[PDB]
Amino acid sequence: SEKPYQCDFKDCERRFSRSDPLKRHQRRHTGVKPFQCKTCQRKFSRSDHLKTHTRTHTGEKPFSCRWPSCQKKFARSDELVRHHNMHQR
DNA sequence: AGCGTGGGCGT
DNA sequence: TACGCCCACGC
Ligand SMILES: [Zn+2]
Ligand SMILES: [Zn+2]
Ligand SMILES: [Zn+2]
């Protein structure tokens, strides 16, 4: 089996290569949200998704456009990616 | 646009 | 086990 770790929840055939993505996954079923924003008290299933959320409060935008003459900055990498693909297109 | 929230992955 | 990235979908 290329993905030995199967989810044993009702009507879920999801499988993974490693054990930790299975645990992360299973927080969908249980609604468990370990991490919490200290600003708006909102809780999140994943710590990385919390840190990006925090930037909605702080206004931090670590991702700059590499295109010349462009000063656009973004909070997440995927936003910069969508922006970069907007230039080349 | 701005961002919630998934999987895949390196370390 | 953990953190922190990329990438992606879908409003
Ligand atoms: Zn499952
Ligand atoms: Zn918040
Ligand atoms: Zn740009």
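Throughout, protein chains are lettered first and strands after them, A, B, ... in sequence-line order, and every chain is numbered starting at 1.
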**Q** Which whole-number value in Å describes the distance from A:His84 NE2 to C:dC7 P?
**A**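 The answer, rounded to whole Å, is 12 Å.
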
**Q** Nearest whole Å is fine: how far is B:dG10 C1' from A:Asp48 CG?
**A** 14 Å

**Q** Send over the distance from A:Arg46 CZ to C:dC6 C1', rounded to a whole Å.
**A**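 In whole Å, C:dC6 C1' lies 11 Å from A:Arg46 CZ.
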
**Q** Tell me if the side-chain of A:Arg18 makes a donor-acceptor pair with the base of B:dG10, cut-off 3.5 Å, by modelled atom types.
**A**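 Answer yes: a donor N or O sits under 3.5 Å from an acceptor.
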
**Q** Do A:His49 and the base of B:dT5 stack face to face, with centres under 5.5 Å apart and an angle between planes under 30°?
**A** yes

**Q** Whole-Å distance between C:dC11 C1' and A:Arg82 CZ?
**A** 11 Å

**Q** Does the side chain of A:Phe16 come within less than 4.5 Å of A:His25's, by heavy atoms?
**A**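 When only atoms from C-beta onward are counted, A:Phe16 and A:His25 do touch, with a gap below 4.5 Å.
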
**Q** Please determine if a side-chain N or O atom of A:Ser77 lies less than 4.0 Å away from the OP1 or OP2 oxygen of C:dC6.
**A** yes

**Q** Any donor and acceptor pair, going by atom type alone, linking the side chain of A:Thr54 with main-chain N or O of A:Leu50 inside 3.5 Å?
**A**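 Side chain of A:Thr54 to backbone of A:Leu50, a donor-acceptor pair under 3.5 Å: yes, one is there.
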
**Q** Check whether the ring centres of A:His87 and A:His83 lie less than 6.0 Å apart, and answer yes or no.
**A**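 Here the rings of A:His83 and A:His87 have centres that are less than 6.0 Å from each other.
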
**Q** Tell me the interatomic distance from A:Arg24, atom CZ, to C:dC3, atom P, rounded to whole angstroms.
**A** 12 Å

**Q** I need the CG-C1' distance between A:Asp20 and C:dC3, as an integer number of Å.
**A** 11 Å

**Q** For A:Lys43 and B:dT5, what is the distance between atoms NZ and P respectively, to the nearest whole Å?
**A** 14 Å

